[PDB]
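The sequence shown maps to residues 25 to 415, 420 to 668 in the entry's author numbering.
For every residue, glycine included, the Cβ atom is placed at its ideal position computed from N, Cα and C.
Contents: one structure, followed by commentary.
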Amino acid sequence: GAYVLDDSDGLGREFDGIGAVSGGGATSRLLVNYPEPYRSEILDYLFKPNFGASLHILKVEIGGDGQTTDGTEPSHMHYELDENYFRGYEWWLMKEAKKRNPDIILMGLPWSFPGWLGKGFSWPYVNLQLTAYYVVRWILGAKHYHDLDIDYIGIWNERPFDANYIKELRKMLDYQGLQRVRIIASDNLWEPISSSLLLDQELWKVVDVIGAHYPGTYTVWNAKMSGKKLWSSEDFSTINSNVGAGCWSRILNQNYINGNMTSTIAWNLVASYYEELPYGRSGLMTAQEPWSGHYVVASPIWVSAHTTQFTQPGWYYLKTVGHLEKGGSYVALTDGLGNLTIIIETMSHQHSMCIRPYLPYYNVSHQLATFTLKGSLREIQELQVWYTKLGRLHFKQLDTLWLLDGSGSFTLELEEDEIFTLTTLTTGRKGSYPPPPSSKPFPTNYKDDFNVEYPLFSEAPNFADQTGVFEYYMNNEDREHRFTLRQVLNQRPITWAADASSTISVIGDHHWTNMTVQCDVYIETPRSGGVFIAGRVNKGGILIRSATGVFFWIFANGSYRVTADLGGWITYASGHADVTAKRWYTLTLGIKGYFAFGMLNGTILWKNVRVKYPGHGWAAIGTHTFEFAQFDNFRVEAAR
Ligand SMILES: *[C@@H]1O[C@H](CO)[C@@H](O[C@@H]2O[C@H](CO)[C@@H](O)[C@H](O)[C@H]2NC(C)=O)[C@H](O)[C@H]1NC(C)=O
Ligand SMILES: *[C@@H]1O[C@H](CO)[C@@H](O[C@@H]2O[C@H](CO)[C@@H](O)[C@H](O)[C@H]2NC(C)=O)[C@H](O)[C@H]1NC(C)=O
Ligand SMILES: *[C@@H]1O[C@H](CO)[C@@H](O[C@@H]2O[C@H](CO)[C@@H](O)[C@H](O)[C@H]2NC(C)=O)[C@H](O)[C@H]1NC(C)=O
Ligand SMILES: O=[N+]([O-])c1ccc(O[C@@H]2O[C@H](CO)[C@H](O)[C@H](O)[C@H]2O)cc1
Ligand SMILES: *[C@@H]1O[C@H](CO)[C@@H](O)[C@H](O)[C@H]1NC(C)=O
Ligand SMILES: [Ca+2]
């Protein structure tokens, strides 16, 4: 019936911000080659203050060369003695975020690590100082090469922590002059980090924030007892339809209400990865077509706005928040400067399911809500009103609410699936750019000769690596193949996911069913080396080991194989071929209906080989193991 909002008996917890994750893995892969103005528009929808999602926090993966959900992301140290702070796209993204919002909060977290850190094992805690040295290098590089101040550093995403590592990471941070950098742990479940912090005082000192994943709006007792800041450091991961927008809406309020969590960070920031990759379209918005410029400003953008435009890190939650009688919730925040924000949500169970965890039914029905400004809030007379209705009307400003009394009270009619933001703030705006081009399938004729001398990014556009890492490569000591694409991993990473045994990058349209793929290939390893080109590749990401399709392999021992699977268990054809290491060959692979054929240097090697049909999927290139190889003059001709 009546709901009191008061600051007289003090304040709730400090609000730390809403944000999103770019990474885990390659989630922003297709954003980088958007043409202007569209690329800059997308970034504004995300990061420009008083405009769109206006995010307070950007968390990114510290690439470790391993597959991390929708691809691999390049590390700053591929090998021992290697340092490079210009690979990938997270540097660029952080800088674009900071350009639009100087006060944005930056976070880094590793998912995988380069294999050499493991010194013989697939384990990052073999040499604690070495792994901490690697991580801290990254933070220094952000400052030195990009003028970026990383605010938070994590441990090992969704994987075990080592208390001695966390301590060494603190010591190393301090030693390198990074006392200001905070540590968040352990980016997994509430335990065992929470009880570890109660039993170990030295550990308690070095951990600033307990970050838990997909906590279903709740925390646990040991966490409250720690007195540490509690963040949902990874949540959401839901398709960005209205259903996903409802999930985001509900958890933004209730993570604080039910679980004392003062930050929530969505995986992921923008769906800029092929949608047939795992968890397709689970970004706050969608930008998965750089070749057309088409992007979608999805519902979750506006749900974010309802909190982000009208709150800032450093504000405080009131003590007066909770659930509504007939369902839904209300939070309220101030800033100590007389401003007040009220955010109300009425998300129906049927339209707010997150993928993790799934909630048992709860009822939401028509109701009325009365709010009374008690304490030092009563002196407010006027409130701006923002309204959103899911299922649709988005982030629409409604007529101002005048209190018009001396009461300090007001009433609302609330139906289902609604968000209301009521605030003293006048800065709100539903930012708008003209509509962008219609969606178009991936070009049915496509070529890249990789002839780019000073590339802006370290890899060619649209190639999404799924195991291994492929980079622009300049080789002055050749005139015919001076500018190529090279797979640069020479050993398996400390994997997070189950990377394939062979390297692979996919490109194009997963709907393609008839296609001709051509590429110049070059094997660097004598006797043992191997490369392939492929078509109808159907799976990638965390499922890359499962990929089927048609794979045309050539080996440096003078052999070829055609397989139905990336693991090469299922043979379509095999035989001999005039192939050695360190020689350039042109490979052609034709796939049509039930039949395939392969050419070597324009000459038929095998023809009318039966493949499974129907089948559809991307084109790809790769290497037999984690080995050096080059590719040049890539072309694809395909029918969807
Ligand atoms: C964490 O938030 C919870 C609510 O989710 C607070 O626990 C109590 O909740 C009841 C019922 O909602 C309130 O009436 C009380 O005011 C709360 N009790 C306390 C401890 O004051 C709790 O305040 C929070 N826990 C903290 C901050 O340690
Ligand atoms: C409400 O919040 C706004 C946003 O901070 C406050 O506006 C700033 O206030 C400080 C001093 O209080 C000024 O130095 C800034 O220049 C102000 N910025 C703007 C946008 O004018 C404001 O003080 C708060 N109080 C209210 C209700 O106006
Ligand atoms: C891929 O190739 C197959 C084989 O050419 C195409 O399927 C044939 O389509 C014709 C009519 O268009 C039928 O009469 C044949 O019987 C089909 N072949 C088989 C074995 O089914 C198919 O249309 C092509 N797909 C696309 C979209 O390009
Ligand atoms: O299998 N799980 O329950 C599971 C739960 C949380 C996980 O962490 C997260 O999942 C996300 C997808 O929803 C992304 O993969 C993200 O990269 C990963 O950190 C990964 C797997
Ligand atoms: C939910 O609760 C309302 C009001 O109490 C009631 O009218 C309705 O039947 C309930 N719906 C279901 C299916 O639980
Ligand atoms: Ca070239």
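Own chain, CB closer than 6 Å to residue i, minus 5 neighbours either side, in chain order
i: residue 651; result: 515, 531, 559, 657
i: residue 387; result: 351
i: residue 538; result: 300, 645, 646
i: residue 573; result: 526, 528
i: residue 114; result: 84
i: residue 661; result: 477, 548
i: residue 149; result: 186, 189
i: residue 544; result: 618, 665
i: residue 593; result: 576
Ligand 2 heavy atom lying under 7 Å from the CB of residue i
i: residue 432; result: no
i: residue 484; result: no
i: residue 363; result: yes
Alpha-carbon spacing of residue i relative to residue j, whole angstroms
i: residue 97; j: residue 112; result: 7 Å
i: residue 162; j: residue 56; result: 21 Å
i: residue 183; j: residue 135; result: 8 Å
i: residue 170; j: residue 484; result: 14 Å
i: residue 622; j: residue 368; result: 57 Å
i: residue 399; j: residue 470; result: 59 Å
i: residue 442; j: residue 385; result: 20 Å
i: residue 268; j: residue 377; result: 7 Å
i: residue 328; j: residue 71; result: 11 Å
Residue i Cβ short of 7 Å to ligand 5 heavy atom set
i: residue 389; result: yes
Residue i CB to nearest heavy atom of ligand 6 below 7 Å
i: residue 506; result: no
i: residue 503; result: no
i: residue 625; result: no
i: residue 477; result: yes
Option nearest residue i by Cα separation, candidates the options
i: residue 590; options: 612, 617, 606, 176; result: 617
i: residue 629; options: 68, 619, 615, 638; result: 615
i: residue 302; options: 407, 354, 263; result: 263
i: residue 636; options: 611, 659, 600, 653; result: 600
i: residue 326; options: 413, 365, 343, 62; result: 413
i: residue 609; options: 285, 550, 28; result: 550
i: residue 336; options: 74, 140, 625, 595; result: 74
i: residue 520; options: 626, 130, 139; result: 139
i: residue 375; options: 305, 270, 157, 90; result: 270
i: residue 77; options: 420, 498, 333, 464; result: 333
i: residue 344; options: 29, 667, 668; result: 29
i: residue 27; options: 108, 366, 593; result: 366
i: residue 595; options: 587, 586, 383, 578; result: 578
i: residue 556; options: 585, 562, 580; result: 585
i: residue 50; options: 38, 117, 481; result: 117
Closer than 7 Å: residue i CB and nearest ligand 3 heavy atom
i: residue 490; result: no
i: residue 640; result: no
i: residue 544; result: no
i: residue 613; result: no
i: residue 167; result: no
i: residue 514; result: no
Residue i: CB within 7 Å of a non-hydrogen atom of ligand 4
i: residue 630; result: no
i: residue 585; result: no
i: residue 634; result: no
i: residue 182; result: yes
i: residue 258; result: yes
Any non-hydrogen atom of ligand 1 closer than 7 Å to residue i Cβ
i: residue 281; result: yes
Beta-carbon proximity list for residue i, same chain, < 7 Å, skipping 5 on both sides
i: residue 438; result: 395, 429, 431
i: residue 473; result: 665
i: residue 207; result: 177, 190, 193, 194, 230, 231, 232
i: residue 653; result: 529, 530
Heavy atom of ligand 7 within 7 Å of residue i beta-carbon
i: residue 511; result: Absence of ligand 7 is noted for the structure shown, with ligand 1, ligand 2, ligand 3, ligand 4, ligand 5 and ligand 6 being the only ligands found.
Same chain only: Cβ atoms within 8 Å of residue i, ignoring 5 sequence neighbours per side
i: residue 427; result: 409
i: residue 613; result: 548, 549, 550, 582, 607, 628, 629
i: residue 250; result: 218, 221, 222, 228, 234
i: residue 415; result: 266, 375, 445
i: residue 304; result: 263, 295, 297, 298
Count the CB pairs spanning the region 38–48 and the region 73–81 that are closer than 8 Å, and state whether there are at least three. yes
Inter-stretch contact (C-beta, 8 Å, three-pair minimum) for the region 50–70 and the region 304–311: yes
Touch test, the region 258–267 against the region 213–227, Cβ-Cβ under 8 Å, three pairs minimum: no
Take every Cβ of the region 315–326, pair it with every Cβ of the region 341–361, and state whether three or more of those distances are shorter than 8 Å. no
Contact the region 390–405 vs the region 60–77: 3+ CB pairs below 8 Å: no
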